[PDB]
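# Tertiary structure, described
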Amino acid sequence: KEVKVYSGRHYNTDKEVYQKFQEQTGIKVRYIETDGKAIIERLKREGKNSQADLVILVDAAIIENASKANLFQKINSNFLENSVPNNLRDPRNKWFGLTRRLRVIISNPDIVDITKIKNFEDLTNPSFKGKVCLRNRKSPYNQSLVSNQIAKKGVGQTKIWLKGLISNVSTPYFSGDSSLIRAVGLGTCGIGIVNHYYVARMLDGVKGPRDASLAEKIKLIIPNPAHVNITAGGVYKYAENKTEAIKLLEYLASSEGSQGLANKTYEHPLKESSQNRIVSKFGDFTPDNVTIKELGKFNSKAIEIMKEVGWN
Ligand SMILES: [Fe+3]
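Conventions adopted
In this document, every chain is numbered from 1 following its sequence as written, which may not correspond to the numbering used in the entry; residues for which no coordinates exist are not shown. Side-chain measures were taken over the full set of non-hydrogen atoms in the model, leaving aside hydrogen atoms and water. Residues with missing side-chain atoms are left out of burial classes, side-chain pairs and their counts. UniProt positions are given in the numbering used here, feature names are shortened, and annotations may be inferred rather than shown by experiment. Whether a residue is buried, partly exposed or exposed follows from its accessible area with a 1.4 Å probe, protein chains only, as a fraction of its type maximum: under 20%, in between, or over 50%, in that order. Secondary structure elements follow DSSP: runs of H or I of four or more residues count as helices, runs of E of two or more count as strands, with numbering from the N terminus. Directions drawn from the helix axis to the C-beta atoms are what define this arc. Any two residues whose heavy atoms approach within 4.5 Å are treated as being in contact. For Na, K and Ca the donor cut-off is 3.2 Å, and for all other metals it is 2.8 Å, counting N, O and S atoms only; because water is absent from this set, sites may look incomplete. For four-coordinate sites, all angles between 85 and 135 degrees define a tetrahedron; for four- and six-coordinate sites, opposite donors beyond 155 degrees with the remaining angles between 65 and 115 define square planar and octahedral shapes respectively, and all other cases count as irregular. Pairs were defined over the aromatic rings of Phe, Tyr and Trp, the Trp ring being its six-membered one, requiring ring centres within 6.5 Å. Orientation was assigned from the angle between planes: stacked under 30 degrees, edge-to-face over 60, tilted for the rest.

The deposited coordinates, according to the entry record, derive from X-ray crystallography at 1.600 Å resolution.

By the naming in the PDB entry, the chain goes by Putative iron ABC transporter, substrate binding protein and is assigned to Prochlorococcus marinus subsp. pastoris str. CCMP1986. Anyone opening this PDB entry will find it titled "SFX structure of FutA bound to Fe(III)". You can read under Sequence similarities (unreviewed entry) in the UniProt record for the chain the words "Belongs to the bacterial solute-binding protein 1 family."

Turning to helix α13 (residues 299–309), a few remarks are in order. Those residues of α13 lying buried are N299, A302, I305, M306 and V309. Buried positions in α13, seen along its axis, are confined to an arc of 130° and lie on one side of it. Along α13, exposed side chains directed more than 90 degrees from the buried face belong to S300 and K307. Buried residues belonging to α13 abut α3 (60–68), α5 (140–167) and α12 (292–297). One or two residues past the end of α13 sits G310, with phi positive at roughly 90°.

Binding of the iron ion to the protein goes through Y11 (OH), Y141 (OH), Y197 (OH) and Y198 (OH), at separations of 1.8 to 2.0 Å. Coordination at the iron ion is tetrahedral: its four donor atoms span angles of 91 to 130° at the metal. Mapping the donors of the iron ion onto the primary sequence yields the spacing Y-x129-Y-x55-Y-Y. Of this pair, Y141 sits in helix α5 while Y198 sits in helix α7 (residues 196–203), placing them 57 residues apart in sequence. Classification of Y141 by relative accessible area gives buried; the value is 10%.

Attention now goes to the pairing of strand β5 (residues 191–195). Counted residue by residue, β5 has five buried out of five residues, so it is predominantly covered. Neither face of β5 is left uncovered, since the one carrying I191, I193 and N195 and the one carrying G192 and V194 both have all their residues buried.

Per the UniProt record, "binding site: Fe(3+)" (unreviewed entry) is annotated on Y11, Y141, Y197 and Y198. With respect to the helices and strands, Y11 occurs in the loop between β1 (2–7) and α1 (15–25). According to the relative accessible area criterion, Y11 is buried, its value standing at 14%. When near neighbours in sequence (up to four residues on either side) are disregarded, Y11 contacts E33, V58, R101, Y141, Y197, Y198, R201 and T265.

Throughout the structure, instances matching the rule amount to eight aromatic pairs. On the numbers, 5.6 Å between centres and 85° between planes, the contact of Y11 with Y197 is edge-to-face. Note that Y11 is positioned in the loop between β1 and α1 and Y197 in helix α7, a separation of 186 residues in sequence. Exposure class is identical for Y11 and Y197. Each is buried.

See the structure below:
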C-alpha cells in the first residue's frame, strides 16, 4: 500500500509530516515537491498515465487553475466535509484547505508613519507617494489579493483602489516576497505587501543573519478584516491509490496534520492560529469571509485590471 504525492508546497519542509503518516498507517508515501504550475502542466500532459494520487497546491489562483484543468475528482469523506471550514474547501468537494496564510502590509516605521496604516485602502494615501513597493503581478499571491478586493467591492471600486496604489509605487516590481521584505527592512521601500510567513522565516534565522537583521526593522500590519489564502489538497482525477490518498488528505487536514504542515512554514493551521511565538506576536486576525472558491472565480478579472492599471 502506497500513495504518490505531487506537492506545490515548495518550501522543502514537509517530509517529516509524511513520515509521521507512514509510521502511523504503514502506507508508504512517495512525495515529489516542486513548483505547483510545473505539477499542473505535468499532470495535463500525463493524464491517465500519471502516477499522482494526491496533489497539494499553494494559493487559490493555482487551485482554480488545477480545478479548470479537471485535475481533481470529487471525494466522499465524513471527516473532511464535517471538519474543514466551508470557506476553505471546494463546495463540489474536489479540494480541501490544509494551511492558512495572510497577505499583509509590512512597513519601515523610520520611513512612513505606521499610525496612518490599518488596511489595504490606506496604501492609496498620497503621503506614501514613492514609498510603496510591490511584488509583480505574475505572483498568484497578488492576483488572489486583487481577486479578494473584487469579491467584496466589485470591479469598479477595486480599479479605483488599484490606480491609487500603483500611483504610490516608484520602484520596479519585485520578483519575490523575501526580496521585498529586505527592501522594506533596508528602508529603500517604506511599505510592502507580502505573505506573513516569509517575515516569520526571516525573523527565525532560516535565511541567515542579514535577513533576520532586516526583518527586525519591519512593522507587520494585519488588515482588519484579513485576507486569508490557503494551501489545499485534492485527489487526482485518475488516482490509482484513491483510498490511500483520501486517508492521507484526512490526516493532513486533521489538527495534527495541519499543525505539522503549518509549523514547518510558519503558516496558521486550518482551524486554530499558530502556537509559534514569532507568528503570535504579529497579532490576532479576523478573516473577511471571502471564500477560496471566490478568489479563484475572479482571478482572470484581477489579472486583466492589474494589467490595465500597470501593475507589472
Ligand atoms: Fe509562498
